[PDB]
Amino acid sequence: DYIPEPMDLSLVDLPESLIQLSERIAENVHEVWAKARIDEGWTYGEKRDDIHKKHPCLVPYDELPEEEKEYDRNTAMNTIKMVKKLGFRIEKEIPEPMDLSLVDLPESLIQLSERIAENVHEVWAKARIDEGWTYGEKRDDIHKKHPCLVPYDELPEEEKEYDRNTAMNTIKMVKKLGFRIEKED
């Protein structure tokens, strides 16, 4: 009965000087994900096992298949397209993450993390909903089942907290690269 309801982001007129740096934004997004999920004992594994704590993509960014780094580039850019979908302006001025903490973001955007975090889930769910996935209580790859195939308001808030700052660290990096971010009147 559930159908993801994300919006049309195509009309966003991002800067060209930002799309040329989608590599540096998707890169550390992997590293932040690589450091976080490696700090619980999970290690590299060609196959994936939740029990044995292994992951296929726990790699240096280049070791990821070109098909997936392409997706990580389009995952990140859609967030800043969403930030510009919220009436903002963007203009040019070892898993190793960066000290993006000092970056100051507008209060009128940090509030709107809910709209962005929801759409990232609704973007992520629509890909699996047309690749054959289905909502199950627990995960299985062969039968294509995943617990997070739920309406965003019904997701566990422990992962409703992960989506916002992940998308907003995808934004914290943008301003670290000198792309002004401010509300539009």
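One-based numbering along the sequence shown.
Participant: Might you work out how many residues are unmodelled in the deposited sequence between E93 and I94, and answer none, 1 to 3, 4 to 9, or 10 or more?
Facilitator: Gap size class: 10 or more residues without coordinates, per the record.
Participant: What stretch has the higher average Cα B-factor here, 35-43 or 65-73?
Facilitator: Mean B over CA atoms: larger for 35-43.
Participant: Highest mean C-alpha temperature factor of the two stretches 109-117 and 82-90, which is it?
Facilitator: According to the PDB entry, the answer is 82-90.
Participant: Grab the CA temperature factor for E158 from the record and place it in the lowest, middle or highest third of its chain.
Facilitator: Tercile = highest for this residue's CA B-factor.
Participant: Based on the deposited C-alpha B factors for this chain, I'd like to know if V123 is in the lowest, middle or highest third.
Facilitator: It falls in the bottom third of the chain.
Participant: Which third of the chain holds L9 when residues are ordered by C-alpha B factor: lowest, middle or highest?
Facilitator: Its C-alpha B-factor belongs to the highest third of this chain's values.
Participant: Taking the entry's C-alpha B-factors for this chain, is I129 in the lowest, middle or highest third?
Facilitator: Its C-alpha B-factor, which the entry lists for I129, ranks in the highest third among residues of this chain.
Participant: Consider only the C-alpha atoms of the modelled residues in this chain, order them by B-factor as the entry records it, and name the third containing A26: lowest, middle or highest.
Facilitator: According to the entry, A26 has a C-alpha B-factor in the chain's lowest third.
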